[PDB]
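**Q** Take this structure, written in structure tokens, and hold onto it; I'll ask about it next.
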Amino acid sequence: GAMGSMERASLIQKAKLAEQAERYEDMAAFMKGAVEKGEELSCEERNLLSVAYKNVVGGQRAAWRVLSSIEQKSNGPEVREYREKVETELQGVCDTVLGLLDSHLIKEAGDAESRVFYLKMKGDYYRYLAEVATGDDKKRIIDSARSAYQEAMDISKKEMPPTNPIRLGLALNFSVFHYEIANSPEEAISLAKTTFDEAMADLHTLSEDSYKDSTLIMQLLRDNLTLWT
Amino acid sequence: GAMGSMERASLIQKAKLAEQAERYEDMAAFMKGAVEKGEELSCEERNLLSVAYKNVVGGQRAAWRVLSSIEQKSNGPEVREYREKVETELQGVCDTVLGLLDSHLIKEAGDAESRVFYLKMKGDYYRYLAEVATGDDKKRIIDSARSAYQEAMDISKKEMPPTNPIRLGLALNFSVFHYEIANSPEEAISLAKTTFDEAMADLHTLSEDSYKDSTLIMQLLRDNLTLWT
Amino acid sequence: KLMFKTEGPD
Amino acid sequence: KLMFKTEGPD
Ligand SMILES: N=C(N)c1cc(-c2ccccc2)c(CC2CCNCC2)s1
Ligand SMILES: N=C(N)c1cc(-c2ccccc2)c(CC2CCNCC2)s1
Ligand SMILES: [Cl-]
Ligand SMILES: [Cl-]
Ligand SMILES: [Mg+2]
Ligand SMILES: [Mg+2]
């Protein structure tokens, strides 16, 4: 692609610059380019990838919801046309990310910390597709997300401690999937409570710095449980 | 361009949607398309144009300043390359806006409220170029801004009351030009005080609603004077 | 839309 | 950069 001629390390440097400048489309373009060099990513490099695309797709999702709500209220073609335009861009980004995970990040990820991170991302980007799906593939999209999340969960439960931030962020996300996408609110609540309680019981093993990382995500679980119960 | 096949009114509708969605690049693209239909703009249409591009160029300026500061601190090529990339995009947007004003918004604007608005924009977008100019055209860029602003001022003083929000926003902007671009801080202060004091003396003529619009911009003049004196 | 907490930035 | 007040949005 367009980043083919730039050095892997230069792309990573520039992703970090872009992040500081709040230039998240540039950030995502640079990390895409880094990924396409074909080497595995470090922990920090995985984080840069996720943050970039998360920021990009976040703007799209928020814009989609504004438009969709206006469209719902109105029920000429402009509102639907423009909502369709934003939706198609959002779908494009999700497709791009899924593309990177399938070609070939997931298949080369053997470590629990890499594998679970990528499979969570897979579940997330299918979840983003699900939020805007109304067609005959809606069910398959949902099952793709569920399947990605579950494989991640199984690995995380066998291979990581209950306080592992990756495992925690996966469970948070999978619980919201359950609540909101799968229409399984009891499953959502059950997962979020179990996850919180098992984390709680493992905190005693952590350094002050690990303690802060874990409890931050645990508080997110708590926030959702408060809304849900 | 790409908006050639869409109806003028549909472009305006969609600019308004984009604004609500905080999709300012789309907003700007739609208003560019509206402009290129070749009809004059209404007051509301002028505002939509300005707000769109203002939002776009605002993100670029902020990102430029982050990068430029990092670049200044560092004194390999990546920091300068990436600052140059953002700068070139910023220059592109300014050039596009100046293009619209020259082809052919300004020459068809006869009303004080339209003419002054467009000439202020001209001064503003040359001012944005000036903020990032280091070359042998720096002086000409600055003079283009000064010239645009001054023509606007002359018209505003002859044709609008001292409380006219357009006139007020022009004087604010021209005062910052003086302070920061022309390195004329005494001129900046003098313009901002004179402008504030003449507005103050004309408020008695206004409705409650005009009063609120005028005093809001007057407070901006005050804010700068507080920083400057 | 009431949006629930999910991992990472907004 | 200390940015001064100018017309319209940021
Ligand atoms: N550029 C970014 N936004 C991020 C970079 C990294 C990272 C930095 C060094 C090594 C590995 C990862 C992130 C993970 C966090 C998790 C919480 N504690 C420390 C950092 S996020
Ligand atoms: N879409 C936007 N952001 C804007 C639209 C308009 C406008 C709306 C109707 C007629 C003319 C102009 C703006 C000017 C303001 C000035 C202060 N009072 C009222 C509105 S701003
Ligand atoms: Cl559209
Ligand atoms: Cl670059
Ligand atoms: Mg129950
Ligand atoms: Mg003096």
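By convention here, the chains of the structure tokens are called A, B, ... in the order presented, each chain's residues are numbered starting at 1, and ligands are numbered starting at 1 in the order presented.
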Mind checking which residues fall within 9 Å of residue D:8, counting only C-alpha atoms, ignoring those fewer than 2 positions away in the same chain, and posting them as a PyMOL selection string?
**A** (chain B and resi 50-51+54+169) or (chain D and resi 6+10)
**Q** Give the residues close to ligand 4, within 9 Å, counting only C-alpha atoms and all ligand atoms; write them as a PyMOL selection string.
**A** (chain A and resi 6+10-11+14+26+30) or (chain B and resi 78-86)
**Q** For the residues in that selection, give me N, CA and C atoms as a tab-separated table (two decimals), in the first residue's frame.
**A**
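So out.tsv came out as:
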chain	number	residue	atom	x	y	z
A	6	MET	N	7.97	3.11	3.35
A	6	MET	CA	8.48	3.64	4.58
A	6	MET	C	8.88	2.52	5.56
A	10	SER	N	10.10	3.65	11.26
A	10	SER	CA	9.64	5.04	10.92
A	10	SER	C	8.11	5.12	10.99
A	11	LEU	N	7.42	4.07	10.55
A	11	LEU	CA	5.97	3.99	10.67
A	11	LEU	C	5.56	3.99	12.15
A	14	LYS	N	6.07	7.41	13.75
A	14	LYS	CA	5.07	8.35	13.22
A	14	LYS	C	3.68	8.03	13.76
A	26	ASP	N	-4.29	9.09	10.51
A	26	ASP	CA	-2.85	8.94	10.21
A	26	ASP	C	-2.24	7.80	11.05
A	30	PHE	N	-0.57	4.47	9.50
A	30	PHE	CA	0.80	4.09	9.80
A	30	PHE	C	0.86	2.67	10.41
B	78	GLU	N	11.93	11.70	10.70
B	78	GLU	CA	10.51	11.38	10.72
B	78	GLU	C	9.67	12.55	11.26
B	79	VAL	N	10.17	13.25	12.29
B	79	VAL	CA	9.44	14.30	12.95
B	79	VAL	C	9.14	15.40	11.93
B	80	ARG	N	10.17	15.79	11.18
B	80	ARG	CA	10.06	16.86	10.16
B	80	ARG	C	9.19	16.37	9.00
B	81	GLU	N	9.38	15.13	8.59
B	81	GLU	CA	8.57	14.56	7.50
B	81	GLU	C	7.07	14.64	7.84
B	82	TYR	N	6.73	14.24	9.08
B	82	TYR	CA	5.36	14.13	9.47
B	82	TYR	C	4.78	15.54	9.68
B	83	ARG	N	5.59	16.45	10.25
B	83	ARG	CA	5.15	17.86	10.40
B	83	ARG	C	4.89	18.46	9.01
B	84	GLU	N	5.78	18.19	8.05
B	84	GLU	CA	5.63	18.61	6.64
B	84	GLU	C	4.35	18.03	6.01
B	85	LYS	N	3.96	16.81	6.38
B	85	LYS	CA	2.78	16.15	5.83
B	85	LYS	C	1.51	16.88	6.29
B	86	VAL	N	1.45	17.16	7.59
B	86	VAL	CA	0.32	17.85	8.22
B	86	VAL	C	0.23	19.28	7.69
**Q** List all protein, DNA and RNA residues that have an atom no more than 6 Å from any atom of ligand 2, counting only C-alpha atoms and all ligand atoms, and report them as a PDB file with N, CA and C atoms, in the first residue's frame.
**A**
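Dumped to part.pdb:
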ATOM      1  N   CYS B  43     -27.028  34.078   4.227  1.00  0.00           N
ATOM      2  CA  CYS B  43     -26.319  34.264   5.477  1.00  0.00           C
ATOM      3  C   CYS B  43     -26.062  32.924   6.170  1.00  0.00           C
ATOM      4  N   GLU B  44     -27.115  32.103   6.299  1.00  0.00           N
ATOM      5  CA  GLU B  44     -26.993  30.807   6.960  1.00  0.00           C
ATOM      6  C   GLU B  44     -25.994  29.913   6.191  1.00  0.00           C
ATOM      7  N   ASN B  47     -22.498  30.935   6.874  1.00  0.00           N
ATOM      8  CA  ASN B  47     -22.084  30.447   8.181  1.00  0.00           C
ATOM      9  C   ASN B  47     -21.704  28.947   8.108  1.00  0.00           C
ATOM     10  N   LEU B  48     -22.448  28.126   7.334  1.00  0.00           N
ATOM     11  CA  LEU B  48     -22.193  26.712   7.322  1.00  0.00           C
ATOM     12  C   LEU B  48     -20.816  26.439   6.704  1.00  0.00           C
ATOM     13  N   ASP B 213     -25.741  38.761  21.076  1.00  0.00           N
ATOM     14  CA  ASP B 213     -24.786  38.425  19.986  1.00  0.00           C
ATOM     15  C   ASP B 213     -23.564  39.354  20.024  1.00  0.00           C
TER      16      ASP B 213
END
**Q** Write out as an MDAnalysis selection string which residues come within 10 Å of residue B:131 when counting only C-alpha atoms, dropping same-chain ones fewer than 2 positions away.
**A** chainID B and resid 61 64:65 125:129 133:134 138 141:142 177 180:181
**Q** For residue D:5, please output as a ChimeraX atom specification all residues within 9 Å (counting only C-alpha atoms; exclusion window: fewer than 2 positions along the same chain).
**A** /B:172-173,176,220-221,223-224 /D:3,7
**Q** Can you spit out the residues from that selection as a short mmCIF file (atom, residue, chain, number, x, y, z; two decimals), in the first residue's frame, using N, CA and C atoms?
**A**
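Ended up saving to part13.cif:
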data_model
loop_
_atom_site.label_atom_id
_atom_site.label_comp_id
_atom_site.auth_asym_id
_atom_site.auth_seq_id
_atom_site.Cartn_x
_atom_site.Cartn_y
_atom_site.Cartn_z
N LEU B 172 -11.78 41.63 15.95
CA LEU B 172 -11.11 40.69 16.83
C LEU B 172 -9.95 39.99 16.09
N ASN B 173 -10.27 39.41 14.92
CA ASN B 173 -9.38 38.61 14.13
C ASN B 173 -8.22 39.47 13.59
N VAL B 176 -5.76 40.19 16.36
CA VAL B 176 -4.85 39.06 16.60
C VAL B 176 -3.81 38.96 15.46
N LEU B 220 -14.89 38.49 23.85
CA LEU B 220 -13.68 37.92 23.25
C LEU B 220 -12.59 38.99 23.14
N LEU B 221 -12.95 40.19 22.67
CA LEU B 221 -12.04 41.36 22.62
C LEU B 221 -11.44 41.63 24.01
N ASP B 223 -11.18 39.53 26.55
CA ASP B 223 -10.33 38.43 26.96
C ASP B 223 -8.90 38.64 26.46
N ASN B 224 -8.77 39.06 25.20
CA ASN B 224 -7.47 39.28 24.56
C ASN B 224 -6.79 40.49 25.21
N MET D 3 -2.79 30.53 22.52
CA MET D 3 -3.65 30.95 21.39
C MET D 3 -4.64 32.03 21.88
N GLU D 7 -12.57 34.68 16.09
CA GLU D 7 -13.98 34.46 15.86
C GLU D 7 -14.25 32.97 15.58
#
**Q** For the contact check between chain A and ligand 5, emit one row per residue of chain A within 10 Å, containing the shortest atom pair and the distance in Å rounded to one decimal, counting only C-alpha atoms and all ligand atoms, chain then rising number order, as a tab-separated table.
**A**
residue	atom	partner	partner_atom_place_in_ligand_line	distance
A:185	CA	ligand 5	1 (Mg)	8.3
A:186	CA	ligand 5	1 (Mg)	5.9
A:187	CA	ligand 5	1 (Mg)	9.4
A:189	CA	ligand 5	1 (Mg)	9.1
A:190	CA	ligand 5	1 (Mg)	9.7
A:229	CA	ligand 5	1 (Mg)	9.5
**Q** Write the residues of the preceding selection, restricted to C-alpha atoms, as a PDB file, in the first residue's frame.
**A**
ATOM      1  CA  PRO A 185     -28.703  -9.546  29.769  1.00  0.00           C
ATOM      2  CA  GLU A 186     -28.570 -12.268  32.412  1.00  0.00           C
ATOM      3  CA  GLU A 187     -25.446 -13.745  30.797  1.00  0.00           C
ATOM      4  CA  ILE A 189     -24.532  -9.640  34.407  1.00  0.00           C
ATOM      5  CA  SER A 190     -23.345 -13.117  35.350  1.00  0.00           C
ATOM      6  CA  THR A 229     -28.954  -4.115  38.247  1.00  0.00           C
TER       7      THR A 229
END
**Q** What separation in Å, quoted to one decimal, exists between atom CA of residue B:149 and atom CA of residue B:174?
**A** 6.3 Å
**Q** Could you build a table of the residues in chain B lying no more than 6 Å from chain A, giving for each the nearest pair of atoms and their separation in Å rounded to one decimal place, using only C-alpha atoms, ordered by chain and ascending residue number, as a tab-separated table?
**A**
residue	atom	partner	partner_atom	distance
B:21	CA	A:63	CA	4.6
B:63	CA	A:21	CA	4.6
B:66	CA	A:21	CA	5.7
**Q** In Å, rounded to a single decimal, give me how far atom CA of residue B:163 is from atom CA of residue B:193.
**A** 13.6 Å
**Q** What parts of stretch 14-226 of chain B does DSSP call helix (DSSP H, G or I)? I'd like the answer as a PyMOL selection string.
**A** chain B and resi 14-20+24-35+43-74+78-105+112-132+138-159+165-181+185-200+203-205+208-226
**Q** I'd like the contact shell of residue B:222 - 8 Å cut-off, only C-alpha atoms, skipping same-chain residues fewer than 3 positions apart - returned as a PyMOL selection string.
**A** chain B and resi 192+196+218-219+225-226
**Q** I'd like the interatomic distance between atom CA of residue B:132 and atom CA of residue B:107, to a tenth of an Å.
**A**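 Computing it gives 27.9 Å between the two atoms.
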